[PDB]
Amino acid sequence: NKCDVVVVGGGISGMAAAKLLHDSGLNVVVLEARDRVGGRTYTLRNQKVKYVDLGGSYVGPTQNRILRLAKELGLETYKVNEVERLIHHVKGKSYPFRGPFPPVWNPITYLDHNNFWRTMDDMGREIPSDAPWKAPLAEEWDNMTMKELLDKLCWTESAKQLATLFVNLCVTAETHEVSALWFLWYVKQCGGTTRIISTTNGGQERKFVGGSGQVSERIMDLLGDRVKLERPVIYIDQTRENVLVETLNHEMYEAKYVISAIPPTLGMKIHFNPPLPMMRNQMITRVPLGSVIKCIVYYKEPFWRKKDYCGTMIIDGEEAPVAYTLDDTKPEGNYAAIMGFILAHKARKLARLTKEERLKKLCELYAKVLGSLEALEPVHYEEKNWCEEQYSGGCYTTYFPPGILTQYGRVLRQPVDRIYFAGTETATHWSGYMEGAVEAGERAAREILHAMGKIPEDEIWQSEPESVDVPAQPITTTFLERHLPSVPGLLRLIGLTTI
């Protein structure tokens, strides 16, 4: 029954919020809909894999909050293998390379590629992390999809192909599905194109030893019987002195305040009294989550390394089930594995097959790209399709279709009376990651503390010291990168030097 704060949701965000409020001497209850905590992170354990993350996994420099939290819970990171060459597979052929960027040799394609990445970043500088609807060209950019934007900017098919893959991999959605404003904000608040795409010095640098599910698992240990499992919340009543929150198994909770720490759309699954205000009522019908299946194929040895390949594959094409892969072997070097993501429309299309049919298709693909018959000989396979989760709605995260971010965006983390909103979607730095879950959980926890007069307004938003274990190298550009023209800028320069 009665407590200080009810947290709806036992994913990283809700658990971080509860822990903070608990740590502050308040009585919290976490109500988790599933028979586990973790939400979009999930470590499966078994003899064949030891452990493996089937959802949220990677951490990297600038992700200082998740790293501080995990370290406090006794967890360690190891670095994702990137010692040997990466592979860009283009028109049925593999081009090994080194560096975070695939080489381009043809100087036109080179200028177009430079300009595109450059422009993503230029455009994002104009977008406030905390209020994207405030950018000078907010409406113009929100009225376009990423598809219209890519069409306008890429004067080569090669750059349009790679840029399309980048969007697919980043937000698990098609270019034509998502707002250009929101996708530009998304990349910008992760610290930019380079930080987001990179393994070394980027978001995929590292993974927790033992899996990321331990973050939520271990907080639940600390909270004990304050975490209630298999309590899906169905009803919130704020008409009375204390807030009433009812679960599906008929239990009633009573708090001073509530943190909603679930995806914004999953708010639909709760009936509200009084009804939500108008803009929230409509916002939650407008914010879908992407589509992905995460796939891990196991082998006897990491045989790719022998050919001087780290196991990272960037795979152009419609034919390819998977556009990107990473070595998923353990830091000890056993349980050799390749991780791959089936994204967006391919998630929807290949869901129709059986587990055995998907495995075969990956192996056959990976045998082509890597040039290795050994890829046809896996020992184990695990996969999770996040599209089927009633209590996620999809993965990695929530995306905004055109016209929504500017009409409805400010509503996302606006309190409704005594409810406050956490969840990775309400973060202003690495929103959509395990990092933004933390930021938002802890932030919404401090908003409630402020409401009670325990802390000043000053202290609701709070900066994080940099990890001494995972420090960030700065993102640098060369002079040529900054000043090489685009294609149309070269064409205009050819136009001028003549007349």
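Rigid core here is just the name for the largest C-alpha set that superposes within 1.5 Å across the two forms. The first residue of the shown sequence is 1; numbering continues from there.
S.K.: May I ask which stretch, 414-422 or 98-106, sits farther from the shown form in 9 other deposited structures of this protein once every structure is superposed on the core, judging by RMS CA distance?
M.R.: Of the two stretches, the larger average C-alpha offset in 9 other deposited structures of this protein falls on 98-106.
S.K.: Between 41-49 and 456-464, which has the larger average Cα B-factor in the PDB entry?
M.R.: So the stretch with the higher mean C-alpha B-factor is 456-464.
S.K.: Could you check the entry and say whether 238-246 or 270-278 has the higher mean CA B-factor?
M.R.: If you average the C-alpha B-factors of 238-246 and of 270-278, the larger mean comes out for 238-246.
S.K.: Out of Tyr95, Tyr396, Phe208, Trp304, which residue has the highest Cα temperature factor in the PDB record?
M.R.: By C-alpha B-factor in the record, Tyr95 ranks first.
S.K.: Identify, among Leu222, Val369, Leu149, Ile404, the residue whose C-alpha carries the highest B-factor in the deposited PDB entry.
M.R.: Reading the PDB entry, the winner on C-alpha B-factor is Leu222.
S.K.: How does the C-alpha B factor of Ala440 compare with the rest of the chain: lowest, middle or highest third?
M.R.: For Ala440, whose C-alpha B-factor we compare with every modelled residue in the chain, the answer is the lowest third.
S.K.: Sorting the chain's modelled residues by C-alpha B-factor, tell me whether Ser392 ends up in the lowest, middle or highest third.
M.R.: Lowest third - that is where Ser392 ends up once the chain's C-alpha B-factors are sorted.
S.K.: Would the CA B-factor of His450 place it in the lowest, middle or highest third of its chain?
M.R.: Within its chain, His450 is a highest-third residue by C-alpha B-factor, going by the deposited values.
S.K.: Consider only the C-alpha atoms of the modelled residues in this chain, order them by B-factor as the entry records it, and name the third containing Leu67: lowest, middle or highest.
M.R.: Middle third of the chain for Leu67's C-alpha B-factor.
S.K.: Based on the deposited C-alpha B factors for this chain, I'd like to know if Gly14 is in the lowest, middle or highest third.
M.R.: Answer is middle: the recorded C-alpha B-factor places it there.
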